[PDB]
Every structure is written in C-alpha cells, then in structure tokens.
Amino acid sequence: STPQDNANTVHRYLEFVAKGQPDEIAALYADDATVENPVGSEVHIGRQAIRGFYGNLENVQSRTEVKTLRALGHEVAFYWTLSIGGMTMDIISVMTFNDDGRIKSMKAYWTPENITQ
C-alpha cells in the first residue's frame, strides 16, 4: 500500500472510533496484527483479541481531531485528540501497515496526564 492509502486507513480508523464501531475497527487490522495501548502494557495479538479489546467502544459516540499526521514508508505517525462525553485525550499514535494495506501494528502513547476537561 502507499502512504496515501495508509493515511486514508488512519482516517477510517478514527471514523470508526468516533462512531463506536469495533467490528469496523477490527476489520482494518491484519489477522496477526498487534495493538499496544498504552505502550508499556501487554500487547494484544491477533484480530480476535483486538476485536475484544475494542469491544467497549460499542455504541459510543465520540469525536476525533487530527492535529498532524505523517505517512512515511509503511508507517503513519499521528498526533490527535479523542473527545468522549466529558474528557479530551491527547494522543501520539504510530501504525504500521502490511503489503495489503491492513494495519500490522498500532502503538498509542498517552497517560491520564494527557486527559483534560
């Protein structure tokens, strides 16, 4: 996939997050993808584990905003906000992508000190 494709995929990830659609999120990930959210916690491996992880977003209506996004090589680094309610999280994320454009890995860098309001 191209960097443009991967940027597009990030935008659809953020769409499905904002809509509370874990099935649509999980479908963006590769069968053997990894999710580390937050970085430092035990990695979730494979689509089944990833779908379970995202299950709590079911039927949650949130908003997202991309502050900056850099799609380079097979990777996308993006700095973005997630607003639920409420509370606004300030997140640095990195995703990497397989040859078929599905997400191979995601890492999210934030703590409660990046949550406001």
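Numbering starts at 1 and runs along the sequence shown.
According to the record, the deposited sequence contains no missing residues between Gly73 and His74, so the chain is continuous there. Higher mean CA temperature factor, per the PDB entry, when comparing 18 to 26 with 101 to 109: 18 to 26. The PDB entry records a higher mean C-alpha B factor for 48 to 56 than for its counterpart among 88 to 96 and 48 to 56. Between the residues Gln61, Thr68, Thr81, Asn37, it is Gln61 that shows the highest Cα B-factor in the PDB record. Among all modelled residues in its chain, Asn8 ranks in the middle third by Cα B-factor.
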